[PDB]
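Data block for query_33.txt (compact mmCIF, C-alpha atoms):
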```
# COMPACT_ATOMS: atom_id res chain seq x y z
CA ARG A 1 3.97 -14.43 8.45
CA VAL A 2 2.48 -10.92 8.32
CA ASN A 3 3.72 -7.70 9.90
CA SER A 4 0.55 -6.67 11.77
CA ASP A 5 -3.18 -7.30 12.10
CA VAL A 6 -4.33 -3.85 13.25
CA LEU A 7 -5.75 -2.79 9.88
CA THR A 8 -9.18 -4.33 9.26
CA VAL A 9 -12.07 -3.23 7.07
CA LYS A 10 -11.40 -8.67 7.55
CA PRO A 11 -7.72 -7.67 7.29
CA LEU A 12 -6.90 -4.92 4.81
CA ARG A 13 -4.42 -7.26 3.08
CA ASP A 14 -7.40 -9.46 2.15
CA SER A 15 -8.99 -6.48 0.38
CA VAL A 16 -5.79 -5.85 -1.55
CA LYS A 17 -5.66 -9.47 -2.74
CA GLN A 18 -9.25 -9.48 -3.96
CA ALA A 19 -8.72 -6.19 -5.80
CA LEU A 20 -5.65 -7.67 -7.47
CA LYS A 21 -7.41 -10.97 -8.19
CA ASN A 22 -10.28 -9.03 -9.75
CA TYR A 23 -7.80 -6.92 -11.71
CA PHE A 24 -5.84 -9.91 -13.04
CA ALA A 25 -9.09 -11.43 -14.34
CA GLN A 26 -8.48 -9.06 -17.27
CA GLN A 27 -3.00 -7.98 -21.47
CA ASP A 28 0.39 -6.55 -20.54
CA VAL A 29 0.89 -4.61 -17.30
CA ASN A 30 4.08 -2.71 -16.37
CA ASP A 31 3.12 -0.31 -13.56
CA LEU A 32 1.31 -2.44 -11.00
CA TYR A 33 3.48 -1.18 -8.12
CA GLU A 34 2.80 2.53 -8.71
CA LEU A 35 -0.83 1.70 -9.39
CA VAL A 36 -1.24 0.05 -5.99
CA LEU A 37 0.96 2.57 -4.18
CA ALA A 38 -1.07 5.55 -5.38
CA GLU A 39 -4.34 3.80 -4.49
CA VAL A 40 -3.12 3.30 -0.94
CA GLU A 41 -1.08 6.45 -0.27
CA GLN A 42 -3.85 8.86 -1.18
CA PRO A 43 -6.36 7.62 1.43
CA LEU A 44 -3.59 7.22 4.02
CA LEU A 45 -2.45 10.84 3.65
CA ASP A 46 -6.09 11.95 3.72
CA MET A 47 -6.94 10.10 6.95
CA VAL A 48 -3.71 11.04 8.73
CA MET A 49 -4.18 14.73 7.91
CA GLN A 50 -7.78 14.50 9.15
CA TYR A 51 -6.70 12.81 12.37
CA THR A 52 -4.02 15.45 13.01
CA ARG A 53 -6.16 18.39 11.84
CA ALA A 54 -3.78 19.20 8.98
CA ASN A 55 -0.79 19.59 11.31
CA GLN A 56 1.92 18.43 8.91
CA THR A 57 4.48 17.92 11.64
CA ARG A 58 2.13 15.76 13.66
CA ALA A 59 1.16 13.87 10.49
CA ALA A 60 4.77 13.11 9.50
CA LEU A 61 5.68 12.04 13.05
CA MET A 62 2.69 9.69 13.13
CA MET A 63 3.65 8.21 9.77
CA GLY A 64 7.34 7.99 10.66
CA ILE A 65 8.61 10.13 7.76
CA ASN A 66 10.09 13.63 7.68
CA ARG A 67 8.16 16.81 6.80
CA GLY A 68 9.68 17.16 3.33
CA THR A 69 8.73 13.60 2.38
CA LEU A 70 5.12 14.10 3.52
CA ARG A 71 4.86 17.35 1.57
CA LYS A 72 6.27 15.65 -1.52
CA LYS A 73 3.61 12.91 -1.33
CA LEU A 74 0.86 15.48 -0.64
CA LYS A 75 1.91 17.47 -3.72
CA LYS A 76 2.01 14.34 -5.89
CA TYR A 77 -1.68 13.81 -5.24
CA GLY A 78 -2.56 17.49 -5.46
CA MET A 79 -3.31 17.48 -1.74
CA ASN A 80 -1.09 20.45 -0.91
CA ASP B 1 -11.20 2.45 -11.01
CA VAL B 2 -9.09 -0.58 -11.89
CA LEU B 3 -8.52 -1.71 -8.30
CA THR B 4 -11.88 -2.47 -6.72
CA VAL B 5 -13.38 -4.80 -4.13
CA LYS B 6 -15.95 -0.32 -4.10
CA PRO B 7 -12.56 1.25 -4.94
CA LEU B 8 -9.67 -0.22 -2.92
CA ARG B 9 -8.91 3.25 -1.51
CA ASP B 10 -12.26 3.16 0.33
CA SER B 11 -11.16 0.00 2.17
CA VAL B 12 -7.90 1.65 3.19
CA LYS B 13 -9.80 4.66 4.58
CA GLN B 14 -12.15 2.45 6.59
CA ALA B 15 -9.26 0.35 7.85
CA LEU B 16 -7.51 3.47 9.13
CA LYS B 17 -10.66 4.84 10.75
CA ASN B 18 -11.03 1.58 12.73
CA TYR B 19 -7.35 1.66 13.62
CA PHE B 20 -7.42 5.25 14.83
CA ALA B 21 -10.33 4.39 17.15
CA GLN B 22 -7.98 1.87 18.86
CA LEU B 23 -5.48 4.57 19.79
CA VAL B 24 2.24 5.92 16.83
CA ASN B 25 5.29 6.73 14.72
CA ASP B 26 5.44 4.00 12.01
CA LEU B 27 2.07 4.37 10.29
CA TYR B 28 3.54 4.56 6.77
CA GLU B 29 5.71 1.45 7.11
CA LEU B 30 2.82 -0.32 8.87
CA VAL B 31 0.40 0.31 5.98
CA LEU B 32 3.07 -0.33 3.32
CA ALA B 33 3.69 -3.74 4.89
CA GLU B 34 -0.02 -4.61 4.84
CA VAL B 35 -0.20 -3.59 1.17
CA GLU B 36 3.15 -4.66 -0.32
CA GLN B 37 3.09 -8.18 1.13
CA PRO B 38 -0.19 -9.18 -0.56
CA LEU B 39 0.87 -7.43 -3.76
CA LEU B 40 4.12 -9.44 -3.86
CA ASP B 41 2.12 -12.60 -3.02
CA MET B 42 -0.42 -12.07 -5.82
CA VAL B 43 2.12 -11.13 -8.50
CA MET B 44 4.42 -14.05 -7.63
CA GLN B 45 1.33 -16.30 -7.72
CA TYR B 46 0.29 -14.86 -11.09
CA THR B 47 3.74 -15.42 -12.65
CA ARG B 48 4.32 -18.81 -11.03
CA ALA B 49 7.17 -17.34 -8.99
CA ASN B 50 9.02 -15.97 -12.02
CA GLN B 51 10.79 -12.93 -10.55
CA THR B 52 11.67 -11.32 -13.87
CA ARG B 53 8.08 -11.45 -15.08
CA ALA B 54 6.88 -10.28 -11.68
CA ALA B 55 9.30 -7.34 -11.59
CA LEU B 56 8.30 -6.30 -15.15
CA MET B 57 4.58 -6.42 -14.33
CA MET B 58 5.18 -4.24 -11.26
CA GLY B 59 7.42 -1.80 -13.09
CA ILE B 60 10.44 -2.26 -10.79
CA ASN B 61 13.75 -3.94 -11.54
CA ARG B 62 14.41 -7.49 -10.42
CA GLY B 63 16.88 -6.36 -7.77
CA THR B 64 14.24 -4.19 -6.11
CA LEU B 65 11.68 -7.01 -6.30
CA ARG B 66 14.06 -9.40 -4.56
CA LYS B 67 14.82 -6.78 -1.89
CA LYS B 68 11.12 -6.39 -1.10
CA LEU B 69 10.61 -10.16 -0.99
CA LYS B 70 13.49 -10.44 1.48
CA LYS B 71 12.24 -7.48 3.53
CA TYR B 72 9.05 -9.43 4.16
CA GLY B 73 10.75 -12.77 4.68
CA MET B 74 9.30 -14.16 1.45
CA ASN B 75 12.52 -15.79 0.19
```
What do you get writing this file as structure tokens?
Amino acid sequence: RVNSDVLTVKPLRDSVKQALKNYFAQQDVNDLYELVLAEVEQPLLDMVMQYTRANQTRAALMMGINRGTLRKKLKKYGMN
Amino acid sequence: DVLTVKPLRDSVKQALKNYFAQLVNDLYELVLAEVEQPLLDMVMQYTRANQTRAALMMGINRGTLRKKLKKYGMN
């Protein structure tokens, strides 16, 4: 069972699996979560800010997080 | 540069563009679910369902790994 099917590029999840499958094809790894998280959070923050015209309050409300959390993530990726 | 399909991030951007055209207050959780689930699937597949090895590869403790698995009903 999967949460939703509203993210397609077909489903986004399929793209994540292939990227991981391709990655595994090549070896110790110890930061795969952060690796994936950063690769997904950056584009998400970018698109949400574009959709909301950089209105941080609107962006956080759309994402379902508070203002401070959004700003923290934005800073992490030098997007502040 | 390590996660490609080309970079994975480009697929996330396109996915969101398509989604926005269909229009919300749970976008973060919604995307996290679509990303974490497959990640957990692939790592557990890679380690033959060995949670310790999976947790170590991901860089999270075993307790956190098990919490995520449960969150997504992957017990």
Rounded to one decimal place, report the CA of residue 41 in chain A-CA of residue 48 in chain B distance in Å. 28.0 Å
So, counting only C-alpha atoms, which residue among B:39, B:71, B:23, B:64 is closest to residue 3 in chain B? B:39
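The shortest atom-to-atom distance to chain B, with only C-alpha atoms taken into account, belongs to A:62 out of A:62, A:70, A:2, A:36.
Minimum distance to residue 19 in chain B across A:55, A:80, A:27, A:4 (counting all atoms listed in the file) occurs at A:4.
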State, in Å with one decimal place, the distance from CA of residue 12 in chain A to CA of residue 40 in chain B. 14.7 Å
Determine, for each residue of chain A having at least one atom at most 7 Å from an atom of chain B, the closest pair of atoms and their separation in Å to one decimal, counting all atoms listed in the file; order by chain and ascending number, as JSON lines.
```
{"residue": "A:3", "atom": "CA", "partner": "B:33", "partner_atom": "CA", "distance": 6.4}
{"residue": "A:6", "atom": "CA", "partner": "B:19", "partner_atom": "CA", "distance": 6.3}
{"residue": "A:7", "atom": "CA", "partner": "B:15", "partner_atom": "CA", "distance": 5.1}
{"residue": "A:8", "atom": "CA", "partner": "B:15", "partner_atom": "CA", "distance": 4.9}
{"residue": "A:9", "atom": "CA", "partner": "B:15", "partner_atom": "CA", "distance": 4.6}
{"residue": "A:12", "atom": "CA", "partner": "B:15", "partner_atom": "CA", "distance": 6.5}
{"residue": "A:13", "atom": "CA", "partner": "B:34", "partner_atom": "CA", "distance": 5.4}
{"residue": "A:15", "atom": "CA", "partner": "B:5", "partner_atom": "CA", "distance": 6.5}
{"residue": "A:16", "atom": "CA", "partner": "B:38", "partner_atom": "CA", "distance": 6.6}
{"residue": "A:17", "atom": "CA", "partner": "B:38", "partner_atom": "CA", "distance": 5.9}
{"residue": "A:18", "atom": "CA", "partner": "B:5", "partner_atom": "CA", "distance": 6.2}
{"residue": "A:19", "atom": "CA", "partner": "B:4", "partner_atom": "CA", "distance": 5.0}
{"residue": "A:20", "atom": "CA", "partner": "B:3", "partner_atom": "CA", "distance": 6.7}
{"residue": "A:23", "atom": "CA", "partner": "B:3", "partner_atom": "CA", "distance": 6.3}
{"residue": "A:29", "atom": "CA", "partner": "B:57", "partner_atom": "CA", "distance": 5.1}
{"residue": "A:30", "atom": "CA", "partner": "B:57", "partner_atom": "CA", "distance": 4.3}
{"residue": "A:31", "atom": "CA", "partner": "B:59", "partner_atom": "CA", "distance": 4.6}
{"residue": "A:32", "atom": "CA", "partner": "B:58", "partner_atom": "CA", "distance": 4.3}
{"residue": "A:33", "atom": "CA", "partner": "B:58", "partner_atom": "CA", "distance": 4.7}
{"residue": "A:39", "atom": "CA", "partner": "B:9", "partner_atom": "CA", "distance": 5.5}
{"residue": "A:40", "atom": "CA", "partner": "B:9", "partner_atom": "CA", "distance": 5.8}
{"residue": "A:43", "atom": "CA", "partner": "B:13", "partner_atom": "CA", "distance": 5.5}
{"residue": "A:44", "atom": "CA", "partner": "B:13", "partner_atom": "CA", "distance": 6.7}
{"residue": "A:47", "atom": "CA", "partner": "B:13", "partner_atom": "CA", "distance": 6.6}
{"residue": "A:61", "atom": "CA", "partner": "B:25", "partner_atom": "CA", "distance": 5.6}
{"residue": "A:62", "atom": "CA", "partner": "B:25", "partner_atom": "CA", "distance": 4.2}
{"residue": "A:63", "atom": "CA", "partner": "B:27", "partner_atom": "CA", "distance": 4.2}
{"residue": "A:64", "atom": "CA", "partner": "B:26", "partner_atom": "CA", "distance": 4.6}
```
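The coordinates place CA of residue 45 in chain A at 9.4 Å from CA of residue 77 in chain A.
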Residues at most 9 Å from residue 79 in chain A, counting all atoms listed in the file, excluding those fewer than 4 positions away in the same chain, as a PyMOL selection string? chain A and resi 42+45-46+71+73-75
Residue with the minimum atom-to-atom distance to residue 45 in chain B, picked from A:24, A:1, A:11, A:53 with all atoms listed in the file counted, is A:24
